[PDB]
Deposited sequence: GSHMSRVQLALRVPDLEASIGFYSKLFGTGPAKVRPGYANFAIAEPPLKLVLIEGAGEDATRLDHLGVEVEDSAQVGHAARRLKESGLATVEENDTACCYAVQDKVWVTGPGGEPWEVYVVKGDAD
């Protein structure tokens, strides 16, 4: 209906995490690859991405994002974000990246 947040977690155990999230949100993954899984959750509106970690023992934040409706929304956000003094990097618009002050990366992207 509108844009949704994208939470990408680096997880130590991809299979265990798929099963927990399937129970948390009541649905199975939309896509499953080696080392990668994703969920398109309708309520709460969310794109949850699970990325299999290499070394560490605990789940960490990999990146955050805002999944918008069409490519045109990406360009609108890109223009909005720049007029604000935020340093943006565009991929070609299909994706814009900005980084928060503590280093957390955000992508605004069309799916």
Where does the model have holes with respect to the deposited sequence?
1 to 2, 95 to 102, 122 to 126
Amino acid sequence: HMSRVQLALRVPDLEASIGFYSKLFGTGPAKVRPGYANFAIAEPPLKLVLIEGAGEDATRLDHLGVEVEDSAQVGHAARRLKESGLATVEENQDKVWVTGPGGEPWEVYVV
From here on, numbers count along this sequence of modelled residues.
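For clarity, a rigid core is taken as the largest C-alpha set superposing within 1.5 Å between two forms.
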Which of the two stretches, 46 to 54 versus 59 to 67, has its Cα atoms farther on average from this form in 5 other deposited structures of this protein when everything is superposed by the rigid core?
46 to 54
Is it the case that, in at least a third of the other entries compared (those modelling both flanking residues), residue 17 has no coordinates?
no
For at least a third of the other PDB entries compared, is residue 93 missing from the model even though its neighbours are present?
yes
Regarding 44 to 52 and 62 to 70, which shows the higher C-alpha temperature factor on average in the entry?
62 to 70
Once you work out the mean C-alpha B-factor for both 29 to 37 and 82 to 90 from the entry, which is higher?
82 to 90
